[PDB]
């Protein structure tokens, strides 16, 4: 239940999807979300661009959603992973994500936290590509994706 056994060939990106839920000792819930930009195995986001997306979404997601633990790039680079403290709310998360993406598409100022002091690879960034990826998601249109499990 902490990480649904998703069949990646059956989803339709871009989308927002509850990926699992971990219950804490006191009974709180940590909801995990799959914020999918690209269709699995049909292409990937460039490393610099996803690095920039990581920087931008850390703040923009928090501007539109409470309880955010952190927003991380997925190793497969087709989307971002985000854990949130709270019961599952795919609809609410989708709306926050949509708003954060508009903020991202319109981000014409410098990328935050890009320096020797605040970033581990400050030379690896791409605002233009980051902005266009946000635009592409909004153009295509988000939806809440149901998890289709692997029969195994």
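Positions refer to the first chain, counted from 1.
Between 33 to 41 and 109 to 117, point out the one with the higher average CA B-factor as the PDB entry records it.
Averaged over C-alpha atoms, the B-factors run higher in 109 to 117.
Take the C-alpha B-factors listed in the entry for 46 to 54 and for 86 to 94, compute each mean, and give the stretch with the larger one.
Per the deposited B-factors, the answer is 86 to 94.
Residue, from 103, 124, 70, 28, that the PDB entry assigns the highest Cα B-factor
Of 103, 124, 70, 28, 124 has the highest C-alpha B-factor.
Assigned third (lowest, middle, highest) for the C-alpha B factor of residue 17:
Bottom third by C-alpha B-factor.
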